[PDB]
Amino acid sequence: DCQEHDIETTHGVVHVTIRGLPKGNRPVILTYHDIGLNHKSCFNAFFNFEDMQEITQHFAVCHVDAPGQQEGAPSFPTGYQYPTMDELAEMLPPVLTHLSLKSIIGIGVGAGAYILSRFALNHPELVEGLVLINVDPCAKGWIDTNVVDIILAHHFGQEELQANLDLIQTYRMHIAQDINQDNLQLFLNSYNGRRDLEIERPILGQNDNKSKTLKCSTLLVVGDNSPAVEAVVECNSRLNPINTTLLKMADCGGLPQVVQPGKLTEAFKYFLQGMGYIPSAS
């Protein structure tokens, strides 16, 4: 039913978790997490939600852990060359060849969402569709205390983060303990050094300076209280509106998939129906 693979890439080893069994024609739901998290802390609560098991049983599900972010991972040596964001994206095609995966439907949070975008631009033939949570298609442009507090700021809004409710302290413990703290630095370093996605919205008038844009279907997802609102909004204006949709989720900040899974599952179902998959869903 399930399996775990330490897949050999040109940029090192990538740890994956396959759930279910895919047929040749149907794509796999490939998953890619955010900084401070892994496939478990990011997605398991969402994917194992009642309404999601109705959807996921029809598909296979391939959960990608970022280098040295998988649970029980050993510490990378001090001066280890940690894969760049673009290089992380180049580690995905080898995963698809190893597991004989013909194509994917991508779900990504933050850093994961960037990587799956780069992957989708790198290979439109492999990506059928994307669900991009808290995506930032822009470079940071900000380089300077506590890596855990830096990542908590990336995820949760100031109002939300200042309050320090059960959710905040829960995910403080996740980021602190679940992930190798030496490797988390390097993964955050890679993400903070991401380049501009170089996407621009096409104009039907004529070719737009050969600006690239996601060919596949794209569902953008952001919480109203999220610090990534302006980033996801900017990403929406730079993507093809005919193949892109913007979901603003109410009374919600960081990690919409964990806080409002019932709403995001319904959004996901509609998204999968539009593509022609899972018609009988009543």
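Throughout, we count residues from 1 along the sequence that is shown.
Student: I want to verify a possible break: how many residues of the deposited sequence sit between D144 and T145 without any coordinates (none, 1 to 3, 4 to 9, 10 or more)?
Tutor: The entry has a long gap there, with 10 or more residues left out between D144 and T145.
Student: Mean CA B-factor: is it higher for 214 to 222 or for 51 to 59?
Tutor: Per the PDB record, 51 to 59.
Student: Between 256 to 264 and 21 to 29, which has the larger average Cα B-factor in the PDB entry?
Tutor: Higher mean C-alpha B-factor in the PDB entry: 21 to 29.
Student: From the list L188, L204, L121, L92, select the residue with the highest C-alpha B factor recorded in the entry.
Tutor: Comparing C-alpha B-factors across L188, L204, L121, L92, the top value belongs to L204.
Student: Taking the Cα B-factors listed in the entry, which of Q162, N134, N192, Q81 comes out highest?
Tutor: The record points to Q162.
Student: Split the chain's modelled residues into thirds by Cα B-factor; is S117 in the lowest, middle or highest one?
Tutor: As the PDB entry reports it, the C-alpha B-factor of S117 lands in the lowest third of its chain.
Student: Quick check for you: using the entry's CA B-factors within this chain, is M85 in the lowest, middle or highest third?
Tutor: Within its chain, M85 is a lowest-third residue by C-alpha B-factor, going by the deposited values.
Student: Lowest, middle or highest third of the chain for the C-alpha temperature factor of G129?
Tutor: Its C-alpha B-factor belongs to the lowest third of this chain's values.
Student: Using the B-factors in the PDB entry, rank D251's C-alpha atom against the chain and give the third, lowest, middle or highest.
Tutor: Highest third, going by the recorded CA B-factors of the chain.
Student: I105's Cα B-factor: lowest, middle or highest third of the chain?
Tutor: Lowest third of the chain for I105's C-alpha B-factor.
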